[PDB]
Amino acid sequence: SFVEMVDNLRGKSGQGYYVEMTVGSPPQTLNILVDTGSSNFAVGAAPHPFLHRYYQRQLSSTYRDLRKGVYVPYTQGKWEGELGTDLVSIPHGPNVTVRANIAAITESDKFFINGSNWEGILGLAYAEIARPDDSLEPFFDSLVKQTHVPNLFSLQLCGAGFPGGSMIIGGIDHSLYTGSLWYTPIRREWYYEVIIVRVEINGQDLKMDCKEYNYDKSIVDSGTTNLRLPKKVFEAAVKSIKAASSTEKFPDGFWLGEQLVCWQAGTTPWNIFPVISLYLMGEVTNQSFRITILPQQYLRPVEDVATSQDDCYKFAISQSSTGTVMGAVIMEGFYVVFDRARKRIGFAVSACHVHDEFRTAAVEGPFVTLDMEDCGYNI
Ligand SMILES: Cc1cc(C#N)cnc1C(=O)Nc1ccc(F)c([C@]2(C)CO[C@@](C)(C(F)(F)F)C(N)=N2)c1
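Spelled out as structure tokens, the structure:
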């Protein structure tokens, strides 16, 4: 039941949200990163300094070796692994066990993070971006094929500042959101690709050709921390935010997201930072809705006992060369419905949405645009 699935996520700020899963027979329990930006189920399967535990295939009598290898290099990190299948379950998810592909990670470089408390990644996106190729069926596909679970899941990611989170598989849980749920089309089933049609910073339109917002794609990715923007859009956003907060002086490389800024506890000047509104393509022609992002989201609190006399933050907006990424800081405070069955993504204000006495995160619509341009970058 959905009530059983509530609060089945944990996380440390800036380290990722993970769910408990089991693999093998008898079941071996692991914490697994929930990642809508990739499509492999990959788990550490050998000793590593940053792993508290790992998948031991020899102890599973249901493991099947596919006798095939896979190498997955990422921007900074990388891992090598062997492909196989085994029985998989989510103890606080749907009441089922399925057989699924598993990439058993035997070597890795800068992939596992010290202190993250997760031991693998659950890629929830589509087969088209699975490694080594689209023939390796992703977990969620296996789940839907082998069970009667509806082809839909939802994420409620909660920041540390507001009430962790929930992954609900198979349906929508209404106690997890207030107001209307607004849907934007999934443009293409590989990443969860969507279309941004307009960007405002404190109510001021950036006035760019809307294709620029979706160079070279725009995705929803729980496995990315920041809001990531194409160079042109990033520059316009930083300029606008800088202008609004000009009464205060920021450390040199703060806008590069390298450097912390701190204020005396409780004194963070939230009101001098603008809200960001992202207008997403609606289900009806030239209609859209907007999600509004507060500084409480895009100024990310960095938890470190050593700096804990103050409140310190990193700038959680960064420049991208591979398109817009609406990462965790964006998803936080919203209930996000990945409605694969109807090829759409829903947004609503979640129970743990961010706000202060003056402003609040919001999902609002419909808005109508006169211009009939297709905002997609690639047909
Ligand atoms: C610190 C952290 C904080 C939060 C928050 N809040 C969420 N996730 C992490 C994290 O560790 N993520 C992570 C680690 C290793 C990886 F190999 C990947 C991959 C498979 C590849 O990289 C991307 C980003 C993509 F493909 F887009 F490039 C992706 N989505 N998944 C992700």
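FYI, the numbering for the sequence shown is 46P, 47P, 48P, 1 to 160, 171 to 386, going by PDB author numbering.
Note that CB positions come from ideal geometry on N, CA and C, so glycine has one too.
Here residue 333 has 227 as same chain residues with Cβ atoms under 6 Å from its own Cβ, once five neighbours each way along the sequence are excluded. Counting of Cβ neighbours within 10 angstroms places residue 32 among the buried residues, the total reaching 16 or more. With a cut-off of 8 Å on Cβ pairs, the region 264 to 277 is in contact with the region 317 to 329, counting three or more such pairs. Taking C-beta atoms under 8 Å as the contact rule, residue 292 and residue 220 fail to qualify, at a distance of about 18 Å. Taking the Cβ of residue 12 as the reference point, at least one heavy atom of ligand 1 falls within a distance shorter than 7 Å.
Ranked by Cα distance from residue 3, the first of 150, 119, 41 is 150. In this model, residue 100 and residue 242 are separated by some 39 Å (Cα to Cα).
In this structure, 171 is the residue among 147, 171, 261 with its C-alpha nearest to the C-alpha of residue 17. By the neighbour-count definition (other C-beta atoms within 10 Å, threshold 16), residue 246 is an exposed residue. Of the residues assessed, residue 348 falls on the exposed side of the cut-off, its CB having fewer than 16 other CB atoms within 10 angstroms. Here DSSP, grouped into helix, strand and coil, assigns residue 295 to strand. Distance from the C-beta of residue 32 to the nearest heavy atom of ligand 1 is below 7 Å. Judged by DSSP in its simplified three-state form, residue 269 adopts strand. One thing to note: residue 251 has its Cβ no nearer than 8 Å to the Cβ of residue 318. Within the region 201 to 286, the runs of alpha helix (DSSP H) that reach at least 4 residues and sit entirely inside it are, in chain order, 238 to 251. Between residue 298 and residue 287, the beta carbon gap of about 7 Å places them in contact (Cβ cut-off 8 Å). Cβ-Cβ distances below 7 Å link residue 36 to 120, 122, 123, 124, 126, 127, 135 in the same chain, with the five nearest sequence neighbours on each side left out; the list follows chain order.
Taking the C-beta atoms as reference points, residue 232 is found nearer than 8 Å to residue 335. Taking non-hydrogen atoms of ligand 1 into account, the C-beta of residue 100 is found less than 7 Å away from none of them.
Exclusion of residue 184 from the 7 Å shell around ligand 1 follows from its C-beta lying no nearer than that to any non-hydrogen atom of the ligand.
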